[PDB]
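The form deposited in one PDB entry is given below as one chain in structure tokens.
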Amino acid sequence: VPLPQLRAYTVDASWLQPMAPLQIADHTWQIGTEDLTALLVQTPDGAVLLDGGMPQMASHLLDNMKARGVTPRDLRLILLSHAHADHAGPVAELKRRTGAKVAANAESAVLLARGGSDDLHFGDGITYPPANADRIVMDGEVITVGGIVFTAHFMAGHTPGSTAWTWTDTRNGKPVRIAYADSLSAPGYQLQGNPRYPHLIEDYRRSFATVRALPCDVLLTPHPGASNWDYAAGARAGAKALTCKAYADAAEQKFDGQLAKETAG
């Protein structure tokens, strides 16, 4: 009986379904797939990308940037929600093919640098090409590109380095406070007494309160379904979107249910 073959990280087809750029605000666009967020923020001083989705999405992202008028040299900065294969997958390749540098917190930087291997919960089951961070950010630190100010809000739990990124764009004339809040799921995680993450529960609890309080005229999430976006719905893609408060509440009620099921299991 031979050892098992390596199993590829396969995902729902919608996660891999290319879409054209979808405008969120005056300078903010969804340029990923139908079910994975990849946000492009275009400034007079270069472009910012928040997440890239899966590893095989690099060329599609570059195609959509070109459609927006962003050449490789114009991409200056990559920010991440968290460093799992379905959100940071193409970062290494994007750095090779563009001018982009990566800013992340220390936890996300060390997970990115090992390509998602030795994951606290998934082991080596969900890996991707490693990449190095060019700048380490602290909680509450701001990064400014072309006068758009991005603020990091750590929300540890889904990964230790999970981060919400907030910035203010404009929509019609008016300012719109965008919150790109990270996943709050704990899929198959051991929550209680986890030796690799002893304070997991306390961190999730604190992260629910962080998300509740974000400046949040428009919430986006790495899996759009988590915040009730439908990127395939065109003009009403965002119509049903949750508030940050509703997203946090829904995630906490699910988390409490999982805790109770874990105690029973």
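Residue positions are given as counts along the sequence shown, with the first one as 1. Residues that one form lacks are left out of the comparison. Each form is matched to the other, and the largest set of C-alpha atoms that superpose within 1.5 Å is called the rigid core.
Higher mean CA temperature factor, per the PDB entry, when comparing 66 to 74 with 204 to 212: 66 to 74.
Stretches 152 to 160 and 170 to 178 differ in mean C-alpha B factor, with the higher average recorded for 170 to 178. Each of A235, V218, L61, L36 has a CA temperature factor in the record; the biggest one is found at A235. Sorting the modelled residues of the chain by their CA temperature factor places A239 in the highest third.
When the modelled residues of the chain are ordered by C-alpha B-factor, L79 sits in the middle third. Ranked by Cα temperature factor within the chain, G115 sits in the lowest third according to the deposited record. Among the modelled residues of the chain, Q192 sits in the middle third by CA temperature factor in this PDB entry. Per-chain ranking of the deposited C-alpha B factor places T10 in the highest third.
In what follows, reference is made to the form deposited in another entry, a form of this protein that is not presented.
Put the two forms on the same core and the Cα of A13 is off by 2 Å or more between this form and the one not shown.
1 to 15 is the sole run of three or more consecutive shared residues whose C-alphas all shift by 2 Å or more between this form and the one not shown after the rigid core is superposed.
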